[PDB]
Amino acid sequence: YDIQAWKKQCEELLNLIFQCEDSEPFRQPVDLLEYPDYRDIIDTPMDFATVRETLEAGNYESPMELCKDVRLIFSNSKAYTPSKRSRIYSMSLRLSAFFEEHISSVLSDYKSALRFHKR
Ligand SMILES: CCOC(=O)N1CCOCC1
């Protein structure tokens, strides 16, 4: 029932994601010199360094907000991919599966702690 525990749990999950080779295309903002039309397709860029910095700045109130930004990294990859078989998009799918598998208990524990707090 610790309402604050999600933050360190998210820091540790971000550390695992940064060690994962599949996260390399998503660690920093997409380079517009490499992908000149990126902002014509993607309205809201997102990357894991921005998520980590937002968390460390104390600018997430809950793990649901962090989860919405991580999911935006994956939906941006899906929206920008020219093919469902592209290398970078395939890396995003594996990374998304790993993220979803690990964030599920973080979200459940937070929501349970908050319900206990408001009982
Ligand atoms: C295949 C889809 O492409 C992406 O997801 N990108 C990762 C971020 O930088 C641009 C390329």
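Side-chain atoms are counted along with the backbone in the values below, which use heavy atoms only and exclude waters and symmetry mates. Note that ligands are numbered from 1 as they come in the structure, with each ligand's atoms numbered from 1 the same way. In this chain, numbering begins with 1 at the start of the sequence shown.
- Counting only distance, with no hydrogens or angles, the side chain of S96 and the backbone of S92 share no donor-acceptor pair below 3.5 Å.
- The protein atom (non-hydrogen) at minimum distance from atom 5 (O) of ligand 1 is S77 OG, 2.6 Å.
- Taking CZ of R71 as the start and CD1 of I103 as the end, the distance is 8.5 Å to the nearest 0.5 Å.
- Of all atoms in ligand 1, listed by their number and element, those nearer than 4.0 Å to a heavy atom of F26 are 5 (O), 7 (C).
- When only non-hydrogen protein atoms are considered, atom 1 (C) of ligand 1 lies nearest to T81 OG1, 3.3 Å.
- Ligand 1 lies less than 4.0 angstrom from a heavy atom belonging to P25.
- Among all non-hydrogen protein atoms, the one lying nearest atom 8 (C) of ligand 1 is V30 CG2, 2.8 Å.
- The aromatic rings of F116 and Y1 lie parallel to each other, with less than 30° between the two planes, well short of the 60° mark.
- Considering backbone and side-chain atoms alike, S86 places every N or O at 3.5 Å or more from each N or O of ligand 1.
- Between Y38 and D31, the side chains place no donor N or O within less than 3.5 Å of an acceptor N or O (distance only, hydrogens not considered).
- Formation of a donor-acceptor pair under 3.5 Å by the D47 side chain with backbone atoms of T50 is found in this model.
- Among all protein heavy atoms, the one lying closest to atom 3 (O) of ligand 1 is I88 CG2, 3.6 Å.
- Counting only heavy atoms from C-beta outward, the side chains of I73 and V51 approach each other to under 4.5 Å.
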